[PDB]
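J.: If you scroll down you'll find the structure; I have some questions about it.
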Amino acid sequence: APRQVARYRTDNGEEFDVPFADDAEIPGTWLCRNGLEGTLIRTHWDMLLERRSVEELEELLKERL
Amino acid sequence: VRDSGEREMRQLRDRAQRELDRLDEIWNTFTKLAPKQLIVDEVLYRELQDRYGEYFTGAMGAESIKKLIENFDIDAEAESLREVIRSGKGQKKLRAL
Amino acid sequence: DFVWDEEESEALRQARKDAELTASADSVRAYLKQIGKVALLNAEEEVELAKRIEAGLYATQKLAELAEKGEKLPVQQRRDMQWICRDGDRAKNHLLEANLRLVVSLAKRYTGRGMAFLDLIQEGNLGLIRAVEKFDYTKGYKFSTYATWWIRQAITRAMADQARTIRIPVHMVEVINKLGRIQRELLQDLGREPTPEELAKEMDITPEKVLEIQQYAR
Amino acid sequence: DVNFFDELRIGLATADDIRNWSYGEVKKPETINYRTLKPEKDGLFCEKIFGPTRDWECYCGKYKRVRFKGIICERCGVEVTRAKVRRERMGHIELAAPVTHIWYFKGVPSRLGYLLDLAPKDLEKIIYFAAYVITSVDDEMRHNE
Amino acid sequence: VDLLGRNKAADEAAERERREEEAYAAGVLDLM
Amino acid sequence: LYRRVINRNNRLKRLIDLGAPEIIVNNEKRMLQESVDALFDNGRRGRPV
Amino acid sequence: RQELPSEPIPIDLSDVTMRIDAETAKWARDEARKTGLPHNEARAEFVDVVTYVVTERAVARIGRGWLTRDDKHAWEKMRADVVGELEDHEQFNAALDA
Amino acid sequence: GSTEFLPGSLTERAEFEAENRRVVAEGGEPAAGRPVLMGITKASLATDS
Ligand SMILES: [Zn+2]
């Protein structure tokens, strides 16, 4: 088959190759062999807002200052 | 009142004396501190940190073992063991082997 | 008091045998040493801590907005906001530190059923993390009683989870199999589930041993 | 080439060897999919890591027949290849904290204990977070101060 | 000898030690 | 066993993200160590899973 | 030859600073003598009795407030931990041998 | 001597002689060895593979 190639890099300094088909496009970011995300070469606040109107929080922060 | 005093004056000074001896324990532990020594008393370890943390490094877990291995020098221990084998006898020599 | 009857001798015989594992997860002693000592906190101090926590969370929200959309106030005010977020983090840490022994005292009730004491303590600790995330100064409760429900429900969920670290002893499997067989036979012939007295009668053991062995069954 | 299979050597693998063997990091505790019996993405049976269960069958179906070889699908990362690769392709898990290997800690004699001159009881206390060990001391600073 | 008897653990330790040094003497220590 | 190891590792990552105090974090580390030991040689230490 | 402490002997458990005293030594010696075995055999009973007394006191101190004997499983495992720590305790063993 | 052999360890006679001749041809003291008679069971246990 006719083919193509691309490459990706990760912030640790490692680089990886990926063959593709000729009729294939290229993603911009890729989960590499390393397992990291590489580049082509319920949180507490969610819980607090649920039980608050932010004007209460604005007053709460204003008191701190 | 005399009996109450014989309890009070005794126990009040005794607790302070025990604390004063605990300070000597802390200093004597610091002066002989060396790598690979275990410290199990959390009070003693915390006091050692609070006083002299910048002079040493303690840790637990497999990460502490990794740091010990990094600091390890194979040749020195191997040659020390060889020196021991041709000098000691019995269980000491056997353990060295 | 002083007693050295045969039961105490048998207990020490068992203790020496159990002592063959050094860092046993069933022992909380090292964990207790690691907790250290922090005083029990009254309602006013706990609500103060919760107030600081929520203030720090809101400060984090606004600081995150201002870190991106510009509109940054001069550095002198930004420094006070930078102080508020750190204060909130410290308040959360202190409020969690205050209840580790509560987690321990809640966990001690579930021991002997298969999970180690320290694993139950970890589940209770995570229940406590859940508790601090839902606590509310508006409701006005003592944090201990409120977080007790979260700790115990987390412990039950871990216990009632199909995938768990059940670590039954090697020296109990045979007697548990015998217990199962005898209970099955007694159920089939008696017409009803056997009371531990009948089981003890059949197994030639004291009934409280029946009640102890039955805890490992699942 | 079995004609040059002359000796077999064994040794300790380092983290870099484990990372070089592996095709990808297992991220999720998932099994085969309960909903459809397909492998989960990033699970212990992930096809993107360990290869496709069925020959030359792309996960997203953009390549599905024998004539295609070796191509990575740009949309799901699975390689269009023979299924036998699932018997040979290795994975790995990246630990957030170091762990000691049980063979070299447990089992008399204690390899780690003998290497570090640590009694097995003390090493066990250290490893399972029950005691503190002093790792290094700046001896000269203490000596002068 | 009857009044005092023998200490079991000390005898066991002496036995295991004796086996260790005898294995060393025989030159087959690493196999035991 | 692999599932248990992955669970413990992910929860340890989460706890380190949450900024939990060292006691809880390193208790989870102890659990991770035990899970890996069970993965390699289950019965070698103490009582097995 | 079955001596008693002249003054209390600090044991210095890592967390509870236990001690063995005249009353405990006297009572353990009486139990060992009652056992009727030879001296080098009743030594084991003496060691067991002293270990039991020290261990129970130590666990009662560790379990202050939050732990009681009705927590049979937690109590027994805590006792096992303390016994294991005592067994390798050099100072405790040296005192008993004295 | 001047070899890498561990004292007290068992060594194949051929390897022993080979390393001794290597070191003595390189100025080192050859290792000293004592022949040991072994039963077929212990000889089997002492295999090199
Ligand atoms: Zn695809």
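By order of appearance in the structure tokens: chains A, B, ..., then residues from 1 within every chain, and ligands from 1 in the order shown.
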Leaving out residue 1 in chain F and any residue of its chain fewer than 3 positions from it, which residues lie within 10 Å of it when counting only C-alpha atoms, given as a list in words?

T.: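 Within the cut-off, the hits are residues 165 of chain C; 4, 5, 6, 7, 35, 36, 37, 38, 39, 40, 42 and 49 of chain F.
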
J.: For those residues, write N, CA and C atoms to a file as a short mmCIF file (atom, residue, chain, number, x, y, z; two decimals), in the first residue's frame.

T.:
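Contents of result25.cif, as written:
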data_model
loop_
_atom_site.label_atom_id
_atom_site.label_comp_id
_atom_site.auth_asym_id
_atom_site.auth_seq_id
_atom_site.Cartn_x
_atom_site.Cartn_y
_atom_site.Cartn_z
N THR C 165 -9.80 -5.97 48.90
CA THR C 165 -8.58 -6.66 49.32
C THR C 165 -8.85 -7.54 50.55
N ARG F 4 -6.16 -3.99 40.63
CA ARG F 4 -5.92 -3.43 41.96
C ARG F 4 -4.72 -2.48 41.95
N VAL F 5 -3.64 -2.88 41.28
CA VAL F 5 -2.46 -2.02 41.20
C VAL F 5 -2.81 -0.71 40.52
N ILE F 6 -3.56 -0.77 39.42
CA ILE F 6 -3.93 0.44 38.69
C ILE F 6 -4.81 1.33 39.55
N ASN F 7 -5.76 0.73 40.27
CA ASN F 7 -6.62 1.51 41.16
C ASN F 7 -5.80 2.26 42.19
N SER F 35 -0.03 -3.80 46.92
CA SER F 35 -0.67 -4.28 45.70
C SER F 35 0.36 -4.83 44.72
N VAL F 36 1.49 -4.14 44.57
CA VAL F 36 2.53 -4.63 43.67
C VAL F 36 3.11 -5.94 44.19
N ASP F 37 3.33 -6.04 45.50
CA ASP F 37 3.81 -7.30 46.06
C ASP F 37 2.84 -8.43 45.78
N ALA F 38 1.54 -8.17 45.94
CA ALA F 38 0.54 -9.19 45.63
C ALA F 38 0.58 -9.56 44.16
N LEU F 39 0.81 -8.58 43.28
CA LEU F 39 0.90 -8.87 41.85
C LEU F 39 2.05 -9.82 41.56
N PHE F 40 3.22 -9.56 42.13
CA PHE F 40 4.39 -10.39 41.81
C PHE F 40 4.33 -11.74 42.53
N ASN F 42 2.12 -13.36 45.60
CA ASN F 42 1.00 -13.04 46.48
C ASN F 42 1.23 -13.57 47.89
N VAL F 49 -3.71 -12.32 49.36
CA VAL F 49 -5.01 -11.85 48.88
C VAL F 49 -5.81 -13.05 48.40
#

J.: If we count only C-alpha atoms and set the cut-off at 8 Å, which residues sit around residue 1 in chain H, ignoring sequence neighbours fewer than 2 positions away in its own chain? Please answer as a count of residues only.

T.: 6

J.: Hey, could you make a per-residue contact list for chain D against ligand 1 with 12 Å as the cut-off, showing the nearest pair of atoms and its distance in Å to one decimal, counting only C-alpha atoms and all ligand atoms, sorted by chain and number, as CSV?

T.:
residue,atom,partner,partner_atom_place_in_ligand_line,distance
D:47,CA,ligand 1,1 (Zn),10.7
D:48,CA,ligand 1,1 (Zn),9.6
D:51,CA,ligand 1,1 (Zn),12.0
D:52,CA,ligand 1,1 (Zn),10.7
D:56,CA,ligand 1,1 (Zn),10.8
D:57,CA,ligand 1,1 (Zn),8.6
D:58,CA,ligand 1,1 (Zn),4.9
D:59,CA,ligand 1,1 (Zn),4.9
D:60,CA,ligand 1,1 (Zn),3.8
D:61,CA,ligand 1,1 (Zn),5.4
D:62,CA,ligand 1,1 (Zn),5.2
D:63,CA,ligand 1,1 (Zn),6.7
D:64,CA,ligand 1,1 (Zn),9.2
D:71,CA,ligand 1,1 (Zn),9.9
D:72,CA,ligand 1,1 (Zn),7.8
D:73,CA,ligand 1,1 (Zn),4.5
D:74,CA,ligand 1,1 (Zn),6.5
D:75,CA,ligand 1,1 (Zn),5.0
D:76,CA,ligand 1,1 (Zn),4.5
D:77,CA,ligand 1,1 (Zn),6.5
D:78,CA,ligand 1,1 (Zn),6.2
D:79,CA,ligand 1,1 (Zn),8.4
D:80,CA,ligand 1,1 (Zn),8.7

J.: Give me a file of those residues, with N, CA and C atoms, as a PDB file, in the first residue's frame.

T.:
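part.pdb was written with the following content:
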ATOM      1  N   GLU D  47      -6.800  -2.362  22.507  1.00  0.00           N
ATOM      2  CA  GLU D  47      -6.250  -2.749  21.214  1.00  0.00           C
ATOM      3  C   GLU D  47      -5.185  -1.770  20.737  1.00  0.00           C
ATOM      4  N   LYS D  48      -5.332  -0.484  21.061  1.00  0.00           N
ATOM      5  CA  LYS D  48      -4.320   0.493  20.675  1.00  0.00           C
ATOM      6  C   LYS D  48      -2.968   0.169  21.296  1.00  0.00           C
ATOM      7  N   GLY D  51      -2.761  -4.367  20.344  1.00  0.00           N
ATOM      8  CA  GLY D  51      -3.105  -4.791  19.007  1.00  0.00           C
ATOM      9  C   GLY D  51      -4.542  -5.260  18.878  1.00  0.00           C
ATOM     10  N   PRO D  52      -5.004  -5.436  17.640  1.00  0.00           N
ATOM     11  CA  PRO D  52      -6.412  -5.778  17.414  1.00  0.00           C
ATOM     12  C   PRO D  52      -6.711  -7.245  17.684  1.00  0.00           C
ATOM     13  N   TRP D  56      -6.449  -7.448  10.891  1.00  0.00           N
ATOM     14  CA  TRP D  56      -6.584  -6.325   9.964  1.00  0.00           C
ATOM     15  C   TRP D  56      -7.907  -5.587  10.124  1.00  0.00           C
ATOM     16  N   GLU D  57      -8.466  -5.561  11.330  1.00  0.00           N
ATOM     17  CA  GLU D  57      -9.744  -4.908  11.594  1.00  0.00           C
ATOM     18  C   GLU D  57      -9.481  -3.671  12.444  1.00  0.00           C
ATOM     19  N   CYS D  58      -9.589  -2.499  11.824  1.00  0.00           N
ATOM     20  CA  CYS D  58      -9.365  -1.250  12.537  1.00  0.00           C
ATOM     21  C   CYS D  58     -10.408  -1.062  13.631  1.00  0.00           C
ATOM     22  N   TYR D  59      -9.996  -0.424  14.730  1.00  0.00           N
ATOM     23  CA  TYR D  59     -10.926  -0.181  15.827  1.00  0.00           C
ATOM     24  C   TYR D  59     -12.102   0.675  15.377  1.00  0.00           C
ATOM     25  N   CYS D  60     -11.835   1.733  14.614  1.00  0.00           N
ATOM     26  CA  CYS D  60     -12.888   2.599  14.103  1.00  0.00           C
ATOM     27  C   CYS D  60     -13.352   2.204  12.705  1.00  0.00           C
ATOM     28  N   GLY D  61     -12.770   1.159  12.117  1.00  0.00           N
ATOM     29  CA  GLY D  61     -13.272   0.594  10.882  1.00  0.00           C
ATOM     30  C   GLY D  61     -12.819   1.266   9.604  1.00  0.00           C
ATOM     31  N   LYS D  62     -11.879   2.212   9.665  1.00  0.00           N
ATOM     32  CA  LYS D  62     -11.424   2.863   8.442  1.00  0.00           C
ATOM     33  C   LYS D  62     -10.474   1.991   7.630  1.00  0.00           C
ATOM     34  N   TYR D  63      -9.962   0.903   8.205  1.00  0.00           N
ATOM     35  CA  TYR D  63      -9.185  -0.092   7.479  1.00  0.00           C
ATOM     36  C   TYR D  63      -9.574  -1.469   7.997  1.00  0.00           C
ATOM     37  N   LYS D  64      -9.973  -2.366   7.089  1.00  0.00           N
ATOM     38  CA  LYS D  64     -10.598  -3.607   7.534  1.00  0.00           C
ATOM     39  C   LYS D  64     -10.210  -4.865   6.768  1.00  0.00           C
ATOM     40  N   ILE D  71      -0.140  -0.072   8.947  1.00  0.00           N
ATOM     41  CA  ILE D  71      -0.603   1.307   9.042  1.00  0.00           C
ATOM     42  C   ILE D  71      -1.235   1.559  10.402  1.00  0.00           C
ATOM     43  N   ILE D  72      -0.837   2.657  11.041  1.00  0.00           N
ATOM     44  CA  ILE D  72      -1.556   3.176  12.200  1.00  0.00           C
ATOM     45  C   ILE D  72      -2.759   3.966  11.705  1.00  0.00           C
ATOM     46  N   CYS D  73      -3.927   3.698  12.278  1.00  0.00           N
ATOM     47  CA  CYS D  73      -5.099   4.500  11.958  1.00  0.00           C
ATOM     48  C   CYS D  73      -4.985   5.859  12.637  1.00  0.00           C
ATOM     49  N   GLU D  74      -5.125   6.928  11.854  1.00  0.00           N
ATOM     50  CA  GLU D  74      -4.959   8.275  12.386  1.00  0.00           C
ATOM     51  C   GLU D  74      -6.052   8.670  13.369  1.00  0.00           C
ATOM     52  N   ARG D  75      -7.140   7.903  13.464  1.00  0.00           N
ATOM     53  CA  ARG D  75      -8.270   8.285  14.300  1.00  0.00           C
ATOM     54  C   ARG D  75      -8.364   7.497  15.600  1.00  0.00           C
ATOM     55  N   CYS D  76      -7.746   6.320  15.681  1.00  0.00           N
ATOM     56  CA  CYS D  76      -7.809   5.535  16.909  1.00  0.00           C
ATOM     57  C   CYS D  76      -6.499   4.852  17.276  1.00  0.00           C
ATOM     58  N   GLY D  77      -5.432   5.004  16.494  1.00  0.00           N
ATOM     59  CA  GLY D  77      -4.118   4.535  16.879  1.00  0.00           C
ATOM     60  C   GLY D  77      -3.879   3.047  16.757  1.00  0.00           C
ATOM     61  N   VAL D  78      -4.893   2.253  16.410  1.00  0.00           N
ATOM     62  CA  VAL D  78      -4.679   0.820  16.251  1.00  0.00           C
ATOM     63  C   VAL D  78      -3.902   0.558  14.969  1.00  0.00           C
ATOM     64  N   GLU D  79      -2.980  -0.399  15.031  1.00  0.00           N
ATOM     65  CA  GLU D  79      -2.232  -0.827  13.857  1.00  0.00           C
ATOM     66  C   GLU D  79      -2.988  -1.937  13.140  1.00  0.00           C
ATOM     67  N   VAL D  80      -3.159  -1.776  11.830  1.00  0.00           N
ATOM     68  CA  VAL D  80      -3.806  -2.786  10.995  1.00  0.00           C
ATOM     69  C   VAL D  80      -2.781  -3.897  10.785  1.00  0.00           C
TER      70      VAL D  80
END

J.: I want to know what sits within 8 Å of range 89-103 of chain D, based on only C-alpha atoms, with residues of the same chain fewer than 4 positions away left out; could you give that as a ChimeraX atom specification?

T.: /B:61-63 /D:18-19,21-27,49-51,85,107,127 /F:6,9,12-13,29,32-33,36-37,40-41

J.: Could you jot down the CA of residue 1 in chain A to CA of residue 83 in chain D separation for me, Å, one decimal place?

T.: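 Calculated distance between CA of residue 1 in chain A and CA of residue 83 in chain D is 19.2 Å.
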
J.: Starting from chain A, keep only residues with some atom at most 10 Å from an atom of chain C, counting only C-alpha atoms, and report them as a list in words.

T.: residues 42, 43, 44, 45, 46, 47, 48, 49, 50, 51, 52, 54, 56, 57, 58, 59, 60, 61, 62, 63, 64 and 65 of chain A

J.: Would you export the selected residues with N, CA, C and O atoms as a tab-separated table (two decimals), in the first residue's frame, please?

T.:
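What landed in selection_38.tsv:
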chain	number	residue	atom	x	y	z
A	42	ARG	N	-14.82	15.33	40.74
A	42	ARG	CA	-15.61	16.55	40.86
A	42	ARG	C	-14.92	17.52	41.81
A	42	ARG	O	-14.83	17.26	43.01
A	43	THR	N	-14.44	18.64	41.27
A	43	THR	CA	-13.58	19.53	42.02
A	43	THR	C	-14.35	20.23	43.14
A	43	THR	O	-15.58	20.25	43.18
A	44	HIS	N	-13.58	20.80	44.08
A	44	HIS	CA	-14.18	21.43	45.25
A	44	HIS	C	-15.00	22.66	44.87
A	44	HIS	O	-16.03	22.94	45.49
A	45	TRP	N	-14.56	23.42	43.86
A	45	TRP	CA	-15.29	24.62	43.47
A	45	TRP	C	-16.64	24.28	42.84
A	45	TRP	O	-17.64	24.98	43.06
A	46	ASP	N	-16.69	23.21	42.04
A	46	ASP	CA	-17.96	22.72	41.52
A	46	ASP	C	-18.91	22.40	42.66
A	46	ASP	O	-20.14	22.55	42.52
A	47	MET	N	-18.37	21.99	43.81
A	47	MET	CA	-19.17	21.65	44.96
A	47	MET	C	-19.58	22.87	45.77
A	47	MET	O	-20.68	22.91	46.31
A	48	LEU	N	-18.70	23.88	45.83
A	48	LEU	CA	-18.98	25.10	46.59
A	48	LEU	C	-20.02	25.96	45.88
A	48	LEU	O	-20.94	26.50	46.52
A	49	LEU	N	-19.90	26.11	44.56
A	49	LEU	CA	-20.88	26.90	43.82
A	49	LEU	C	-22.28	26.30	43.93
A	49	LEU	O	-23.27	27.03	43.85
A	50	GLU	N	-22.38	24.98	44.10
A	50	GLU	CA	-23.68	24.33	44.19
A	50	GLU	C	-24.45	24.72	45.45
A	50	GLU	O	-25.68	24.63	45.45
A	51	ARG	N	-23.76	25.15	46.50
A	51	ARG	CA	-24.39	25.49	47.77
A	51	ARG	C	-24.24	26.97	48.11
A	51	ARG	O	-24.37	27.34	49.29
A	52	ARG	N	-23.99	27.82	47.12
A	52	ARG	CA	-23.69	29.23	47.37
A	52	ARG	C	-24.25	30.11	46.26
A	52	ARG	O	-24.41	29.68	45.11
A	54	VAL	N	-22.77	33.57	44.68
A	54	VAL	CA	-21.41	34.10	44.71
A	54	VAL	C	-21.31	35.46	45.39
A	54	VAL	O	-20.20	35.87	45.76
A	56	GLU	N	-22.41	35.97	48.34
A	56	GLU	CA	-21.94	35.53	49.64
A	56	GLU	C	-20.43	35.34	49.63
A	56	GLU	O	-19.74	35.76	50.56
A	57	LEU	N	-19.91	34.74	48.56
A	57	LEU	CA	-18.47	34.55	48.43
A	57	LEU	C	-17.74	35.87	48.22
A	57	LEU	O	-16.62	36.05	48.71
A	58	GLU	N	-18.35	36.81	47.50
A	58	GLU	CA	-17.74	38.12	47.35
A	58	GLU	C	-17.61	38.82	48.69
A	58	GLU	O	-16.56	39.40	49.00
A	59	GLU	N	-18.66	38.77	49.51
A	59	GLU	CA	-18.58	39.32	50.86
A	59	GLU	C	-17.54	38.58	51.70
A	59	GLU	O	-16.78	39.18	52.46
A	60	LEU	N	-17.50	37.25	51.55
A	60	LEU	CA	-16.56	36.43	52.30
A	60	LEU	C	-15.12	36.82	51.99
A	60	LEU	O	-14.29	36.89	52.90
A	61	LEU	N	-14.81	37.07	50.72
A	61	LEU	CA	-13.47	37.48	50.32
A	61	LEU	C	-13.19	38.93	50.70
A	61	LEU	O	-12.07	39.26	51.10
A	62	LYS	N	-14.20	39.80	50.59
A	62	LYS	CA	-14.03	41.19	51.00
A	62	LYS	C	-13.68	41.29	52.48
A	62	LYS	O	-12.89	42.16	52.87
A	63	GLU	N	-14.25	40.42	53.31
A	63	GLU	CA	-13.90	40.44	54.73
A	63	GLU	C	-12.44	40.05	54.94
A	63	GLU	O	-11.78	40.60	55.83
A	64	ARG	N	-11.92	39.12	54.14
A	64	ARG	CA	-10.53	38.73	54.28
A	64	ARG	C	-9.59	39.91	54.05
A	64	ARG	O	-8.62	40.09	54.79
A	65	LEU	N	-9.86	40.71	53.03
A	65	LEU	CA	-9.00	41.84	52.70
A	65	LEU	C	-9.21	42.99	53.68
A	65	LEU	O	-8.26	43.47	54.30

J.: Taking the backbone alone, and naming residues the way the document does, which bits of chain A are helix (DSSP H, G or I) by DSSP, as a compact mmCIF listing (two decimals) with N, CA, C and O atoms, in the first residue's frame?

T.:
# COMPACT_ATOMS: atom_id res chain seq x y z
N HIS A 44 -13.58 20.80 44.08
CA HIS A 44 -14.18 21.43 45.25
C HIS A 44 -15.00 22.66 44.87
O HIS A 44 -16.03 22.94 45.49
N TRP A 45 -14.56 23.42 43.86
CA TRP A 45 -15.29 24.62 43.47
C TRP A 45 -16.64 24.28 42.84
O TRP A 45 -17.64 24.98 43.06
N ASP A 46 -16.69 23.21 42.04
CA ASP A 46 -17.96 22.72 41.52
C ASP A 46 -18.91 22.40 42.66
O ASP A 46 -20.14 22.55 42.52
N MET A 47 -18.37 21.99 43.81
CA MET A 47 -19.17 21.65 44.96
C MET A 47 -19.58 22.87 45.77
O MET A 47 -20.68 22.91 46.31
N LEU A 48 -18.70 23.88 45.83
CA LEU A 48 -18.98 25.10 46.59
C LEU A 48 -20.02 25.96 45.88
O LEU A 48 -20.94 26.50 46.52
N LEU A 49 -19.90 26.11 44.56
CA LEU A 49 -20.88 26.90 43.82
C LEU A 49 -22.28 26.30 43.93
O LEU A 49 -23.27 27.03 43.85
N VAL A 54 -22.77 33.57 44.68
CA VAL A 54 -21.41 34.10 44.71
C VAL A 54 -21.31 35.46 45.39
O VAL A 54 -20.20 35.87 45.76
N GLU A 55 -22.42 36.18 45.58
CA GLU A 55 -22.35 37.41 46.36
C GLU A 55 -21.96 37.11 47.81
O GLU A 55 -21.23 37.89 48.43
N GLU A 56 -22.41 35.97 48.34
CA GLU A 56 -21.94 35.53 49.64
C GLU A 56 -20.43 35.34 49.63
O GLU A 56 -19.74 35.76 50.56
N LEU A 57 -19.91 34.74 48.56
CA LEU A 57 -18.47 34.55 48.43
C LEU A 57 -17.74 35.87 48.22
O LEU A 57 -16.62 36.05 48.71
N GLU A 58 -18.35 36.81 47.50
CA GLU A 58 -17.74 38.12 47.35
C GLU A 58 -17.61 38.82 48.69
O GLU A 58 -16.56 39.40 49.00
N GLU A 59 -18.66 38.77 49.51
CA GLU A 59 -18.58 39.32 50.86
C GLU A 59 -17.54 38.58 51.70
O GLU A 59 -16.78 39.18 52.46
N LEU A 60 -17.50 37.25 51.55
CA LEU A 60 -16.56 36.43 52.30
C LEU A 60 -15.12 36.82 51.99
O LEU A 60 -14.29 36.89 52.90
N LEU A 61 -14.81 37.07 50.72
CA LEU A 61 -13.47 37.48 50.32
C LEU A 61 -13.19 38.93 50.70
O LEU A 61 -12.07 39.26 51.10
N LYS A 62 -14.20 39.80 50.59
CA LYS A 62 -14.03 41.19 51.00
C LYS A 62 -13.68 41.29 52.48
O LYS A 62 -12.89 42.16 52.87
N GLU A 63 -14.25 40.42 53.31
CA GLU A 63 -13.90 40.44 54.73
C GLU A 63 -12.44 40.05 54.94
O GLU A 63 -11.78 40.60 55.83
N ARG A 64 -11.92 39.12 54.14
CA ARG A 64 -10.53 38.73 54.28
C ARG A 64 -9.59 39.91 54.05
O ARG A 64 -8.62 40.09 54.79

J.: Contacts from chain D to chain B, 7 Å maximum, only C-alpha atoms: show me the residue list as a list in words.

T.: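 My answer is residues 98, 99, 100, 126, 127, 128, 129, 131, 132, 133, 134, 135, 136, 137, 138, 141 and 142 of chain D.
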
J.: Near range 24-36 of chain G, within 10 Å and counting only C-alpha atoms, which residues show up once chain neighbours fewer than 4 positions away are dropped, as a list in words?

T.: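 Those residues are residues 2, 3 and 4 of chain C; 2, 3, 4, 5, 8, 19, 20, 41, 42, 43, 44, 45, 46, 47, 48, 49, 50, 51, 52, 53, 54 and 96 of chain G.
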
J.: As a PyMOL selection string, please: all residues of chain B that backbone DSSP puts in strand (DSSP E).

T.: chain B and resi 38-39+56-59

J.: In Å to one decimal, how far is CA of residue 114 in chain C from CA of residue 3 in chain F?

T.: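 It comes out at 19.3 Å.
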